[PDB]
2 protein chains.
Amino acid sequence: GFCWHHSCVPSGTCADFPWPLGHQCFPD
Amino acid sequence: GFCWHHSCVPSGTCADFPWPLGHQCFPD
């Protein structure tokens, strides 16, 4: 997961970012 | 901006993260 700007997402989250990141997941 | 997985997206980009983080943009 991670925390951004006062909210967090859990382990195993993925999200679509602009390129060059594209689809990324957040193991912690 | 936002850096992850050896890449960065530029200032002024956004992404949809799961609740509760939701829709966020990346000032730097």
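Residues numbered from 1 in each chain as written, not as in the entry; some residues may be left out. Chains lettered and ligands numbered in written order. Heavy atoms only, no water.

- As summarised from the PDB record, the model derives from X-ray crystallography at a stated resolution of 1.464 Å.

### Points about the nonpolar core
Turning to step 1, where the next piece is worked out: Counting residues in hydrophobic clusters, the biggest one holds twelve residues: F2, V9, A15, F17, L21 and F26 of chain A together with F2, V9, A15, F17, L21 and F26 of chain B.
Turning to step 2, where the next piece is worked out: Contacts of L21 of chain A, omitting those with residues within four sequence positions, involve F2, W4, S7 and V9 of chain B. (Core = buried A, V, L, I, M, F, W, Y, C linked by side-chain atoms within 4.5 Å. Buried < 20%, exposed > 50% of the residue type's maximum accessible area, 1.4 Å probe, protein only. Contact = heavy atoms within 4.5 Å.)

### Brief notes about the pairing of strand β4 (residues 23-26) of chain B
Residue and element names in this part refer to chain B.
Turning to step 1, where the next piece is worked out: Residues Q24 and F26 point to one face of β4 and are all buried, whereas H23 and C25, pointing to the other face, are not buried.
Turning to step 2, where the next piece is worked out: Where strand β3 (residues 13-16) lies against β4, four bridges are found, and the strand directions are antiparallel. Within β4, the position partnered with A15 by the bridge is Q24.
Turning to step 3, where the next piece is worked out: Hairpin geometry of β3 and β4 is characterised by an intervening segment of six residues between the two adjacent antiparallel strands and by a positive phi of about 70° at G22. (Helix = DSSP H or I, 4+ residues; strand = E, 2+ residues; numbered from the N terminus. Pairing = 2+ DSSP bridges.)

### Observations concerning the relation of the copies chain B and chain A
Turning to step 1, where the next piece is worked out: Overlaying chain B with chain A gives an RMSD of 0.5 Å, the required rotation being 180° about an axis along which the chain moves by 0.2 Å. One copy is carried onto the other by what is essentially a two-fold rotation axis.
Turning to step 2, where the next piece is worked out: Taken together, the interface assignments show that 94% of the residues at the interface of chain B recur at the interface of chain A, consistent with an identical surface on both copies. (Least-squares fit on C-alpha atoms.)

### Regarding the interface of chain B and chain A
In many analyses, interface size is given as the accessible surface area lost on bringing the parts together.
Turning to step 1, where the next piece is worked out: Of the residues lining the interface, 18 residues belong to chain B; the matching set on chain A comes to 18 residues.
Turning to step 2, where the next piece is worked out: Together chain B and chain A conceal approximately 1500 Å² of surface at their shared face, both sides included; 77% is due to carbon and sulfur atoms.
Turning to step 3, where the next piece is worked out: A per-residue breakdown of the area chain B buries against chain A is headed by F2, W4 and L21 of chain B, which together make up 36% of the total.
Turning to step 4, where the next piece is worked out: There are one residue pair in polar contact connecting chain B and chain A. (Buried area = accessible area lost by both parts, 1.4 Å probe. Polar contact = N/O pair within 3.5 Å; in protein donor to acceptor, adjacent residues only side chain to side chain.)

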